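Below you will find one chain, with nothing else, as structure tokens; this is the form deposited in one PDB entry, and questions on how it binds or moves follow later.
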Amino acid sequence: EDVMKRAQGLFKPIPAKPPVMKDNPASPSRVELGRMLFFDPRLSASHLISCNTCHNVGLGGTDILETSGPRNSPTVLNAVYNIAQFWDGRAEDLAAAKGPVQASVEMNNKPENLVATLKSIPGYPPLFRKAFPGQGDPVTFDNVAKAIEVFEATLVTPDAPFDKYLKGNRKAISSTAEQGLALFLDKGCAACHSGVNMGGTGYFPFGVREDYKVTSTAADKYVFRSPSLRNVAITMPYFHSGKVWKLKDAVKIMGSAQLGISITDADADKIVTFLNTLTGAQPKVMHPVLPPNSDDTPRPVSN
């Protein structure tokens, strides 16, 4: 199959094994701690919002809201395979500081309040000494993000029917889905939505905006990340703004004159059918049991 072979050139399947992070080695106790932090709403100043609120592991790693400039929450699933870390920005700033964990935390908290709160919870410091042995002061923000990152690295979705197809089985997806794939290649979609994550590799001067929703940029210095399409069927709504609710409308907008690509409604349906093959196996995550406040834990602040 030409189509299969062309697919195997542009994409690779998600490995079952969590990828190693260089300079952040995974260990049981570090992965455990990262899981606790991920579900602990005390990392928000109000004590109500955890990472799981906006990146819900039960809803495709996102929260099925438009936004929470406001942005749609991208999935945490397979985010460890994204090269491009942010929805949009100017070239120079995406080039030259804060990564996504820190940025996310600052949405509803201050790093220093976060760390002072963790220190006030007697169960946390012993877990940080186990997870970061050797350090005199292991409860720090950088260590919070390290622990969370080794947990996020286990939030991968191997075994999507498309991945079975990449590994050699032509029958793992329906031939309607195969027609959508063929269309996805020939129309040019794959140039931007490529590699092991089927996107997340780069930025383009191409946002979807209003004035109806259309692809555009005026000569404007902002560029947008072309997202991974993995699990796109269950991470609605779509695009940086979350303004477009249906996958089919998303596919149709992407059939813009501005990126080459003309597509019929019939083409769209086949493409959607193909995009439906990219839903992998969803991680089964245990809700952690969190250590209790002390009398000295800071009070919630409503915002």
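If you superpose the two forms and keep the largest set of C-alpha atoms that fall within 1.5 Å, you have the rigid core. Counting begins at 1, following the sequence as shown.
Another form exists, deposited in another entry; not displayed. Remarks below refer to it.
Residue shifts between this form and the one not shown, rigid core superposed: of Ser104, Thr117, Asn143, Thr157, the only C-alpha displaced by 2 Å or more belongs to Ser104. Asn169 is not among the residues whose C-alpha shifts by 2 Å or more between this form and the one not shown once the rigid core is aligned; its shift stays under 2 Å. Between the C-alpha atoms of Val144 and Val105, a gap widened by no less than 3 Å is obtained in that other deposited form, as opposed to the form on display.
Relative to the shown form, the Cα atoms of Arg30 and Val105 move apart by 3 Å or more in that other deposited form.
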